[PDB]
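> Sharing a structure, written as structure tokens. Questions coming.
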Amino acid sequence: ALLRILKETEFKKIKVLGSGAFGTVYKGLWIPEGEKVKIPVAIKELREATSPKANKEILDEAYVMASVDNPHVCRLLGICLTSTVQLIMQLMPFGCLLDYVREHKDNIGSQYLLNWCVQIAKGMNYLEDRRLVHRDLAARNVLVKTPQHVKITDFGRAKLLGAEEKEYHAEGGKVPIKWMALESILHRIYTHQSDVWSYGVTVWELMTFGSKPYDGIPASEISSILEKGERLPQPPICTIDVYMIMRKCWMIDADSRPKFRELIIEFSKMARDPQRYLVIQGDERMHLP
């Protein structure tokens, strides 16, 4: 019902935006048959797998994906199954949040930063409610609909847990070490609470205006430094209150980390009085479109 099935006659890939492990993302146009509307979209065309899923398997997954409906998660709008699988998704015109904060850092104030933290927490809480573990939360995977509104995107790593499953046990390959919880690095275990760890790193990326975490430190050494108790440093604009939330996200004991529902509450409080919680030079003079 929520998932639209498209024919190749109903959309066009216009411009390549990027490529990754699972396929290629395009800017495109969706012109639904008979509807007399033209809708800007993102299209991801998936690479051919060694063992392609049957169409029935693909549609079953797509119907679940299409049902993920939250203001802060990028939604699958439709799918086309031909020689390739093409996913038609909401278009976030401003690109990823990491590049955005690097490009516009001189004009980003406390209100925007804290609002973004709230929105990301709300999106993640919704995913948790849907039993989805994202597994790749990072500023590069948060997309910008408008400067005032961001959406988390799943590029293919998200996993649905069974009603009685509390963990996803991964099967190896390339992983974003510097965003991962220790239990994920050491044991390939992923949970909603390991997503919370990654949320903390994502917030750190934002508060440093797009700094690279553990810059210059080899990925192979990360688990070692985490075990010693080392963590990402307090961003200069962060009050102790904000940094202490981030540090709680990186507790070794996963159940000692905040829940996303708690993060929504705490950052919502702070977003109501942003200059109390982040100290940015010239904050009251900045402006975004």
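Residue numbering restarts at 1 in every chain; chains get A, B, ... in the order shown in the structure tokens, and ligands count up from 1 in that same order.
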With only C-alpha atoms as the counted atoms, please give the residues lying no more than 9 Å from stretch 77-94 of chain A, apart from itself and same-chain residues fewer than 3 positions off, as a JSON list (two decimals) with C-alpha atoms, in the first residue's frame.


```json
[["chain", "number", "residue", "atom", "x", "y", "z"],
["A", 2, "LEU", "CA", 2.69, 2.48, 1.05],
["A", 3, "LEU", "CA", 5.17, 1.07, -1.47],
["A", 4, "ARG", "CA", 4.58, 2.19, -5.05],
["A", 5, "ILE", "CA", 5.62, -0.22, -7.81],
["A", 6, "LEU", "CA", 7.13, 1.75, -10.70],
["A", 7, "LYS", "CA", 7.65, 0.97, -14.37],
["A", 8, "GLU", "CA", 10.74, 2.29, -16.16],
["A", 11, "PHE", "CA", 10.98, 7.89, -13.72],
["A", 27, "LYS", "CA", 19.15, 12.61, -8.61],
["A", 28, "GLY", "CA", 16.03, 11.89, -10.63],
["A", 30, "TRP", "CA", 9.34, 10.59, -10.81],
["A", 40, "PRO", "CA", 12.12, 15.22, -7.59],
["A", 41, "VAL", "CA", 13.53, 11.99, -6.16],
["A", 42, "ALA", "CA", 16.69, 10.12, -5.30],
["A", 43, "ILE", "CA", 17.18, 6.83, -7.11],
["A", 44, "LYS", "CA", 19.53, 4.12, -5.90],
["A", 45, "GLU", "CA", 20.29, 1.42, -8.46],
["A", 46, "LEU", "CA", 21.70, -1.67, -6.78],
["A", 47, "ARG", "CA", 24.67, -3.59, -8.16],
["A", 48, "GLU", "CA", 24.12, -7.19, -9.24],
["A", 55, "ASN", "CA", 11.46, -10.62, -6.79],
["A", 58, "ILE", "CA", 12.84, -8.04, -2.69],
["A", 59, "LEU", "CA", 9.23, -6.88, -2.51],
["A", 62, "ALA", "CA", 10.67, -3.20, 0.27],
["A", 66, "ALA", "CA", 8.34, 1.69, 2.67],
["A", 74, "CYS", "CA", 14.48, 9.16, 4.54],
["A", 97, "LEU", "CA", 25.03, 16.91, 7.03],
["A", 100, "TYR", "CA", 26.94, 20.92, 5.15],
["A", 143, "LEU", "CA", 20.89, 14.07, 4.91],
["A", 144, "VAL", "CA", 19.63, 17.64, 4.70],
["A", 145, "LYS", "CA", 16.09, 18.31, 3.46],
["A", 146, "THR", "CA", 16.40, 21.96, 4.45],
["A", 147, "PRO", "CA", 18.91, 23.55, 6.83],
["A", 150, "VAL", "CA", 17.45, 16.55, 8.50],
["A", 151, "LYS", "CA", 16.76, 12.86, 7.88]]
```

> For residue A:141, work out the shell of residues within 9 Å, counting only C-alpha atoms and skipping chain neighbours fewer than 6 positions away, then give it as a list in words.

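In the requested form, the answer reads residues 96, 97, 98, 151, 152, 153, 154 and 155 of chain A.
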
> Generate the output file for the selected residues, N, CA and C atoms, as a short mmCIF file (atom, residue, chain, number, x, y, z; two decimals), in the first residue's frame.


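Contents of the output file result.cif:
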```cif
data_model
loop_
_atom_site.label_atom_id
_atom_site.label_comp_id
_atom_site.auth_asym_id
_atom_site.auth_seq_id
_atom_site.Cartn_x
_atom_site.Cartn_y
_atom_site.Cartn_z
N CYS A 96 24.65 15.66 2.39
CA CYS A 96 24.85 15.11 3.72
C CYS A 96 25.20 16.19 4.73
N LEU A 97 24.87 15.92 5.99
CA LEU A 97 25.03 16.91 7.03
C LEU A 97 26.51 17.19 7.33
N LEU A 98 27.36 16.18 7.16
CA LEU A 98 28.78 16.36 7.41
C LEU A 98 29.34 17.46 6.51
N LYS A 151 17.29 14.22 7.86
CA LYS A 151 16.76 12.86 7.88
C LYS A 151 17.89 11.84 7.84
N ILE A 152 17.80 10.86 8.73
CA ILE A 152 18.72 9.72 8.70
C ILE A 152 18.42 8.85 7.49
N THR A 153 19.47 8.35 6.86
CA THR A 153 19.30 7.51 5.69
C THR A 153 19.92 6.15 5.90
N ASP A 154 19.23 5.12 5.43
CA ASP A 154 19.75 3.76 5.40
C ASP A 154 20.25 3.49 3.99
N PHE A 155 21.53 3.18 3.86
CA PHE A 155 22.11 2.90 2.55
C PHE A 155 22.22 1.40 2.29
#
```

> I want to know what sits within 8 Å of residue A:177, based on only C-alpha atoms, with residues of the same chain fewer than 3 positions away left out; could you give that as a list in words?

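Near residue A:177, the qualifying residues are residues 180, 185, 219 and 222 of chain A.
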
> Just to be explicit: take each residue in the selection above, keep N, CA, C and O atoms, and write the result as a short mmCIF file (atom, residue, chain, number, x, y, z; two decimals), in the first residue's frame.


```
data_model
loop_
_atom_site.label_atom_id
_atom_site.label_comp_id
_atom_site.auth_asym_id
_atom_site.auth_seq_id
_atom_site.Cartn_x
_atom_site.Cartn_y
_atom_site.Cartn_z
N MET A 180 32.01 2.93 15.76
CA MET A 180 31.42 1.72 16.32
C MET A 180 31.65 1.53 17.82
O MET A 180 32.69 1.89 18.36
N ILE A 185 33.06 -3.76 17.44
CA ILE A 185 34.42 -3.91 16.93
C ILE A 185 34.98 -5.28 17.30
O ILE A 185 35.57 -5.97 16.47
N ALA A 219 42.80 2.76 12.43
CA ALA A 219 41.59 2.06 12.84
C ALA A 219 41.91 0.83 13.67
O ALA A 219 41.16 0.46 14.57
N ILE A 222 42.06 1.42 17.47
CA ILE A 222 40.92 2.04 18.13
C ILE A 222 40.39 1.25 19.32
O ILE A 222 40.13 1.82 20.38
#
```
